[PDB]
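Below is one structure, written out as structure tokens, with a few remarks after it.
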Amino acid sequence: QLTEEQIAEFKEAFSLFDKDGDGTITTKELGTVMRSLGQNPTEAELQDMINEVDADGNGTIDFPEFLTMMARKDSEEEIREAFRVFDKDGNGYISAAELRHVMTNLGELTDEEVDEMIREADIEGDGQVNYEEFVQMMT
Amino acid sequence: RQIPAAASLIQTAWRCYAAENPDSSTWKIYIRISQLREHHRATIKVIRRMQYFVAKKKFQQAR
Ligand SMILES: [Ca+2]
Ligand SMILES: [Ca+2]
């Protein structure tokens with residue numbers, strides 16, 4: 001279940017996005033929050049975000065939809081198969097160099113963040129990033 | 001191809017898992033908020049989570 005205190009906690013979070021206290025979260029309102037925390041998202045990104053959480057398709061997120069998403073948990077398999085995209089020839093391992101380059105230059109991550117990543121996975125140098133280990137750690 | 005979709009899912013997942021460390025490197029990135037406070041961390045987590053799900057859909061479209 002969710003707890004009485006938990007539901008309160010989520011209501012707080014929801015209000016931090018819902019600037020106009022009108023019971024829903026717009027793209028503009030989410031963009032505002034994100035820009036407030038120093039990000040420069042495209043309205044494309046904001047729409048994609050809202051669509052992942054918008055159930056009834058009204059274009060805004062209501063509180064039900066919000067606590068549905070906060071309560072969302074197969075994802076192990078998805079993340080494992082993501083690492084496979086970079087697995088030279090189905091090793092099971094990824095070179096830490098390859099991991100770092102992907103993690104920094106492709107996609108979304110900082111050198112510090114990736115240092116944490118590699119430090120949480122490598123078994124000395126040898127056993128270069130066994131991604132099965134990553135996937136299990138995250139789940 | 002699915003190289004950027006792949007990467008954004010691993011990255012997205014990790015910043016989620018890492019945010020749950022009250023003391024991760026992941027936190028440093030937010031360089032416009034002087035000292036990170038409660039509500040800051042709340043909105044952050046909310047957003048990382050939301051990005052997770054987006055990356056999870058985009059990768060499902062690529063798989
Ligand atoms: Ca609103
Ligand atoms: Ca809605």
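Here's how to read the names in the structure tokens: chain A, B, ... by the order shown, residue numbers from 1 in each chain, ligand numbers from 1 in the order shown.
Close contacts of range 3-14 of chain B, defined as residues with an atom at most 6 Å away when counting only C-alpha atoms, with chain neighbours fewer than 5 positions off set aside, comprise residues 82, 107 and 108 of chain A; 52, 55 and 59 of chain B.
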Would you put the residues from that selection into a file with C-alpha atoms, as a JSON list (two decimals), in the first residue's frame?
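Result file is result-v6.json:
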[["chain", "number", "residue", "atom", "x", "y", "z"],
["A", 82, "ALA", "CA", 20.21, -1.88, -23.46],
["A", 107, "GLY", "CA", 22.62, 10.13, -24.82],
["A", 108, "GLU", "CA", 22.14, 12.44, -21.89],
["B", 52, "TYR", "CA", 13.25, 7.14, -16.84],
["B", 55, "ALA", "CA", 13.51, 6.57, -22.05],
["B", 59, "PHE", "CA", 13.70, 2.14, -26.07]]
Exercise for the section: Please write out the residues within 8 Å of ligand 1 as a ChimeraX atom specification, counting only C-alpha atoms and all ligand atoms. Expected result: /A:17-26,29,60
Practice task
Counting only C-alpha atoms and all ligand atoms, name the residues that have an atom within 7 Å of an atom of ligand 2; the answer should be given as number ranges by chain.
Solution key: A: 54-62, 65
Exercise for the section: Up to 7 Å from chain B, what residues of chain A turn up? Count only C-alpha atoms and give them as a ChimeraX atom specification. Expected result: /A:13,37-38,48-49,52,79,82,85,102-103,106-109,112-113,138
Residues from last step as file, C-alpha atoms, as a compact mmCIF listing (two decimals), in the first residue's frame:
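As written to disk, out05.txt reads:
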# COMPACT_ATOMS: atom_id res chain seq x y z
CA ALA A 13 5.61 17.21 -4.68
CA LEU A 37 16.29 23.78 -11.55
CA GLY A 38 18.55 24.97 -14.39
CA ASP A 48 7.01 13.42 -24.35
CA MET A 49 7.30 13.65 -20.54
CA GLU A 52 4.31 9.11 -20.44
CA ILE A 79 18.08 -2.37 -19.04
CA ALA A 82 20.21 -1.88 -23.46
CA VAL A 85 23.50 -2.90 -27.72
CA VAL A 102 28.92 5.98 -24.37
CA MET A 103 27.87 7.34 -20.97
CA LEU A 106 26.08 9.66 -26.31
CA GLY A 107 22.62 10.13 -24.82
CA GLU A 108 22.14 12.44 -21.89
CA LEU A 109 26.28 12.19 -18.08
CA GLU A 112 32.19 12.29 -12.06
CA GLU A 113 28.85 10.46 -12.39
CA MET A 138 19.70 -1.20 -10.02
Residue list (helix (DSSP H, G or I), DSSP) for chain A, as a short mmCIF file (atom, residue, chain, number, x, y, z; two decimals) with N, CA and C atoms, in the first residue's frame:
data_model
loop_
_atom_site.label_atom_id
_atom_site.label_comp_id
_atom_site.auth_asym_id
_atom_site.auth_seq_id
_atom_site.Cartn_x
_atom_site.Cartn_y
_atom_site.Cartn_z
N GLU A 4 -0.49 6.87 4.78
CA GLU A 4 -1.15 8.16 4.95
C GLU A 4 -0.13 9.29 4.85
N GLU A 5 1.05 9.08 5.45
CA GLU A 5 2.15 10.03 5.38
C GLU A 5 2.76 10.10 3.98
N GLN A 6 2.83 8.96 3.29
CA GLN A 6 3.33 8.90 1.93
C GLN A 6 2.47 9.72 0.97
N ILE A 7 1.14 9.55 1.05
CA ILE A 7 0.21 10.26 0.18
C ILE A 7 0.37 11.77 0.37
N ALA A 8 0.55 12.18 1.63
CA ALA A 8 0.85 13.57 1.94
C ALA A 8 2.12 14.00 1.21
N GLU A 9 3.18 13.19 1.34
CA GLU A 9 4.46 13.50 0.74
C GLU A 9 4.32 13.77 -0.76
N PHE A 10 3.56 12.92 -1.45
CA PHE A 10 3.39 13.07 -2.89
C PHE A 10 2.55 14.30 -3.24
N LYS A 11 1.56 14.62 -2.39
CA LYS A 11 0.74 15.80 -2.62
C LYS A 11 1.62 17.05 -2.62
N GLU A 12 2.58 17.10 -1.69
CA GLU A 12 3.54 18.19 -1.63
C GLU A 12 4.27 18.31 -2.96
N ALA A 13 4.88 17.21 -3.42
CA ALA A 13 5.61 17.21 -4.68
C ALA A 13 4.75 17.72 -5.83
N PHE A 14 3.52 17.21 -5.93
CA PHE A 14 2.60 17.60 -6.99
C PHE A 14 2.36 19.11 -7.06
N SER A 15 2.20 19.72 -5.88
CA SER A 15 1.94 21.15 -5.77
C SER A 15 3.14 21.99 -6.23
N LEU A 16 4.36 21.45 -6.06
CA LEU A 16 5.59 22.09 -6.51
C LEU A 16 5.64 22.27 -8.03
N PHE A 17 4.94 21.40 -8.76
CA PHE A 17 4.79 21.53 -10.20
C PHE A 17 3.56 22.35 -10.57
N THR A 27 2.53 21.32 -19.62
CA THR A 27 3.87 21.36 -20.17
C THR A 27 4.59 22.63 -19.71
N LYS A 28 3.93 23.78 -19.82
CA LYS A 28 4.50 25.05 -19.38
C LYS A 28 4.94 25.01 -17.91
N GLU A 29 4.11 24.40 -17.05
CA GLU A 29 4.35 24.37 -15.62
C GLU A 29 5.53 23.46 -15.28
N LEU A 30 5.62 22.33 -15.99
CA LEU A 30 6.72 21.40 -15.85
C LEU A 30 8.01 21.99 -16.41
N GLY A 31 7.90 22.66 -17.56
CA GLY A 31 9.01 23.40 -18.14
C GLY A 31 9.54 24.46 -17.18
N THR A 32 8.62 25.18 -16.54
CA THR A 32 8.98 26.17 -15.55
C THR A 32 9.83 25.53 -14.45
N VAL A 33 9.32 24.45 -13.85
CA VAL A 33 10.02 23.76 -12.77
C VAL A 33 11.41 23.34 -13.23
N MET A 34 11.50 22.74 -14.43
CA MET A 34 12.77 22.24 -14.94
C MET A 34 13.77 23.37 -15.21
N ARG A 35 13.29 24.44 -15.85
CA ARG A 35 14.09 25.64 -16.05
C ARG A 35 14.50 26.25 -14.71
N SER A 36 13.62 26.17 -13.71
CA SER A 36 13.91 26.65 -12.37
C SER A 36 15.10 25.92 -11.74
N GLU A 43 10.11 21.91 -25.84
CA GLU A 43 8.69 21.62 -25.68
C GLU A 43 8.38 20.21 -26.18
N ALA A 44 9.22 19.70 -27.09
CA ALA A 44 9.19 18.31 -27.49
C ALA A 44 9.41 17.39 -26.29
N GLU A 45 10.49 17.65 -25.54
CA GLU A 45 10.82 16.87 -24.36
C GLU A 45 9.71 16.95 -23.31
N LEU A 46 9.13 18.15 -23.14
CA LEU A 46 8.10 18.38 -22.14
C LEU A 46 6.84 17.61 -22.50
N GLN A 47 6.50 17.59 -23.80
CA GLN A 47 5.33 16.85 -24.26
C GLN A 47 5.54 15.35 -24.09
N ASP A 48 6.69 14.83 -24.53
CA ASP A 48 7.01 13.42 -24.35
C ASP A 48 6.88 13.02 -22.88
N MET A 49 7.39 13.86 -21.98
CA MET A 49 7.30 13.65 -20.54
C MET A 49 5.85 13.52 -20.08
N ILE A 50 5.03 14.51 -20.46
CA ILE A 50 3.64 14.56 -20.05
C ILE A 50 2.86 13.36 -20.59
N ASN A 51 3.22 12.91 -21.81
CA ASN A 51 2.53 11.81 -22.46
C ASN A 51 2.77 10.48 -21.76
N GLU A 52 3.96 10.33 -21.16
CA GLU A 52 4.31 9.11 -20.44
C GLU A 52 3.49 8.95 -19.16
N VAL A 53 3.01 10.07 -18.61
CA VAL A 53 2.24 10.08 -17.37
C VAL A 53 0.76 10.40 -17.54
N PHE A 63 -3.67 14.54 -10.31
CA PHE A 63 -3.05 13.92 -9.15
C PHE A 63 -3.11 12.39 -9.22
N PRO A 64 -4.26 11.77 -9.58
CA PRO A 64 -4.29 10.33 -9.82
C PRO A 64 -3.15 9.83 -10.71
N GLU A 65 -3.02 10.44 -11.90
CA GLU A 65 -1.97 10.12 -12.85
C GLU A 65 -0.59 10.28 -12.23
N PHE A 66 -0.43 11.31 -11.39
CA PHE A 66 0.83 11.58 -10.72
C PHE A 66 1.20 10.48 -9.73
N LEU A 67 0.26 10.06 -8.88
CA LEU A 67 0.60 9.03 -7.91
C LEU A 67 0.64 7.65 -8.57
N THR A 68 -0.02 7.48 -9.72
CA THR A 68 0.14 6.28 -10.52
C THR A 68 1.59 6.13 -10.96
N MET A 69 2.17 7.23 -11.46
CA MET A 69 3.51 7.24 -12.02
C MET A 69 4.56 7.11 -10.91
N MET A 70 4.33 7.81 -9.80
CA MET A 70 5.18 7.68 -8.62
C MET A 70 5.12 6.26 -8.05
N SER A 75 11.57 -4.41 -16.39
CA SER A 75 12.49 -3.28 -16.51
C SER A 75 13.94 -3.76 -16.40
N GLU A 76 14.17 -4.81 -15.58
CA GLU A 76 15.46 -5.48 -15.55
C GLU A 76 15.87 -5.95 -16.94
N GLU A 77 14.93 -6.59 -17.64
CA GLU A 77 15.18 -7.11 -18.98
C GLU A 77 15.45 -5.97 -19.97
N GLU A 78 14.73 -4.86 -19.82
CA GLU A 78 14.91 -3.71 -20.70
C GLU A 78 16.30 -3.10 -20.55
N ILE A 79 16.78 -2.97 -19.31
CA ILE A 79 18.08 -2.37 -19.04
C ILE A 79 19.22 -3.30 -19.45
N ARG A 80 19.04 -4.60 -19.21
CA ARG A 80 19.99 -5.61 -19.66
C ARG A 80 20.16 -5.57 -21.18
N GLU A 81 19.04 -5.53 -21.91
CA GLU A 81 19.06 -5.50 -23.37
C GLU A 81 19.63 -4.20 -23.90
N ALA A 82 19.60 -3.14 -23.09
CA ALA A 82 20.21 -1.88 -23.46
C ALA A 82 21.74 -1.99 -23.45
N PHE A 83 22.28 -2.64 -22.41
CA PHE A 83 23.71 -2.89 -22.33
C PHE A 83 24.21 -3.78 -23.46
N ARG A 84 23.37 -4.73 -23.90
CA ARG A 84 23.67 -5.61 -25.02
C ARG A 84 23.93 -4.87 -26.33
N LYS A 88 30.04 -5.79 -27.66
CA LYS A 88 30.85 -6.45 -28.67
C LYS A 88 30.38 -7.88 -28.37
N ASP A 89 29.80 -8.53 -29.39
CA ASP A 89 29.71 -9.97 -29.58
C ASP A 89 29.25 -10.79 -28.38
N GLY A 90 28.28 -10.27 -27.61
CA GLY A 90 27.65 -11.02 -26.54
C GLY A 90 28.59 -11.54 -25.45
N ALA A 96 35.40 -0.71 -19.82
CA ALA A 96 35.10 0.49 -19.05
C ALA A 96 35.31 1.76 -19.89
N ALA A 97 36.24 1.68 -20.85
CA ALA A 97 36.48 2.75 -21.80
C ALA A 97 35.24 2.98 -22.66
N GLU A 98 34.70 1.89 -23.22
CA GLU A 98 33.50 1.94 -24.04
C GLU A 98 32.32 2.44 -23.21
N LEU A 99 32.22 1.97 -21.96
CA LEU A 99 31.15 2.40 -21.07
C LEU A 99 31.24 3.91 -20.84
N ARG A 100 32.45 4.40 -20.54
CA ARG A 100 32.63 5.81 -20.25
C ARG A 100 32.29 6.70 -21.44
N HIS A 101 32.76 6.31 -22.64
CA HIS A 101 32.52 7.08 -23.85
C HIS A 101 31.04 7.17 -24.18
N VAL A 102 30.35 6.02 -24.15
CA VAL A 102 28.92 5.98 -24.37
C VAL A 102 28.23 6.89 -23.36
N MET A 103 28.55 6.68 -22.07
CA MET A 103 27.87 7.34 -20.97
C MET A 103 28.04 8.86 -21.00
N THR A 104 29.15 9.34 -21.57
CA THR A 104 29.46 10.76 -21.54
C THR A 104 29.02 11.47 -22.82
N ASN A 105 29.37 10.89 -23.98
CA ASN A 105 29.20 11.57 -25.25
C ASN A 105 27.88 11.26 -25.94
N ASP A 111 31.63 13.10 -16.13
CA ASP A 111 32.78 12.27 -15.82
C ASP A 111 32.75 11.78 -14.38
N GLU A 112 32.31 12.65 -13.46
CA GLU A 112 32.19 12.29 -12.06
C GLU A 112 31.14 11.19 -11.88
N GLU A 113 29.95 11.41 -12.47
CA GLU A 113 28.85 10.46 -12.39
C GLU A 113 29.25 9.08 -12.90
N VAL A 114 30.04 9.05 -13.98
CA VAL A 114 30.47 7.81 -14.61
C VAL A 114 31.60 7.15 -13.81
N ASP A 115 32.34 7.97 -13.05
CA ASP A 115 33.33 7.46 -12.12
C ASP A 115 32.62 6.63 -11.05
N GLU A 116 31.58 7.21 -10.43
CA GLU A 116 30.72 6.48 -9.51
C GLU A 116 30.21 5.17 -10.10
N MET A 117 29.73 5.24 -11.35
CA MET A 117 29.19 4.09 -12.04
C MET A 117 30.21 2.95 -12.09
N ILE A 118 31.39 3.24 -12.67
CA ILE A 118 32.43 2.24 -12.88
C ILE A 118 32.95 1.69 -11.55
N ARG A 119 33.07 2.56 -10.55
CA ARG A 119 33.54 2.18 -9.22
C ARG A 119 32.58 1.20 -8.53
N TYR A 131 27.95 -6.17 -16.93
CA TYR A 131 26.75 -5.37 -16.89
C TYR A 131 25.60 -6.09 -16.20
N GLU A 132 25.61 -7.43 -16.23
CA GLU A 132 24.70 -8.22 -15.41
C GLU A 132 24.72 -7.74 -13.96
N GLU A 133 25.92 -7.40 -13.46
CA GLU A 133 26.09 -6.79 -12.14
C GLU A 133 25.39 -5.45 -11.98
N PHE A 134 25.54 -4.56 -12.98
CA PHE A 134 24.84 -3.29 -13.00
C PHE A 134 23.32 -3.47 -12.89
N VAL A 135 22.80 -4.33 -13.77
CA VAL A 135 21.36 -4.53 -13.89
C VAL A 135 20.79 -5.03 -12.56
N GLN A 136 21.50 -5.95 -11.91
CA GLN A 136 21.06 -6.48 -10.63
C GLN A 136 21.13 -5.45 -9.51
N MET A 137 22.14 -4.57 -9.57
CA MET A 137 22.35 -3.53 -8.57
C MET A 137 21.21 -2.50 -8.62
N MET A 138 20.78 -2.15 -9.83
CA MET A 138 19.70 -1.20 -10.02
C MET A 138 18.32 -1.78 -9.69
#
